[PDB]
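Here the structure is laid out as structure tokens; the discussion comes afterwards.
Protein chains: 4
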Amino acid sequence: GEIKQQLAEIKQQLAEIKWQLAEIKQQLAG
Amino acid sequence: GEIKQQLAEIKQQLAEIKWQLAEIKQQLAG
Amino acid sequence: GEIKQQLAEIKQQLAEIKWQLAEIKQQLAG
Amino acid sequence: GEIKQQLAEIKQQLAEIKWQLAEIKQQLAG
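Here it is as structure tokens:
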């Protein structure tokens with residue numbers, strides 16, 4: 001239930017943050 | 001119950017981080 | 001024990017990430 | 001035990017995010 005869904009949501013957010021950071025890095029590298 | 005409250009706070013902070021990174025991405029690429 | 005220490009470490013990391021993002025924002029604003 | 005393993009993974013991802021943000025900060029300010 002709630003603990004496992006919150007953990008899943010957190011892991012999804014961390015994945016999305018990692019993508020955003022990789023995109024920013026690529027933008028800075030041109 | 002305590003774990004649930006801490007995980008909820010973690011999710012909220014990650015959501016705020018995502019928004020801040022979306023803004024930085026838009027500043028660099030917009 | 002371990003659950004509470006891991007949660008504390010995570011909350012500290014989130015705080016540090018929020019500072020880094022605020023610093024980056026200020027750097028972009030000059 | 002499961003919570004402990006997920007929290008450990010969350011801490012590891014946050015550490016990686018911190019490093020990526022330190023690099024971006026250095027690119028902009030260095």
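Protein chains in written order, with the entry's author numbering: chain A, 1 to 30; chain B, 1 to 30; chain A', 1 to 30; chain B', 1 to 30. A prime marks a further copy of an entry chain.
We put the beta carbon where it would ideally sit given N, CA and C, even for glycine.
Check	Outcome
8 Å CB neighbourhood of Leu21/A in its chain, flanking five on each side removed	none
Residue 32/A' versus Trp19/A': straight-line alpha-carbon distance, rounded	For residue 32/A' there is no data in the structure shown, the boundaries of chain A' being 1 and 30.
Residue-chain proximity (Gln27/B', chain A), Cβ-Cβ < 8 Å	yes
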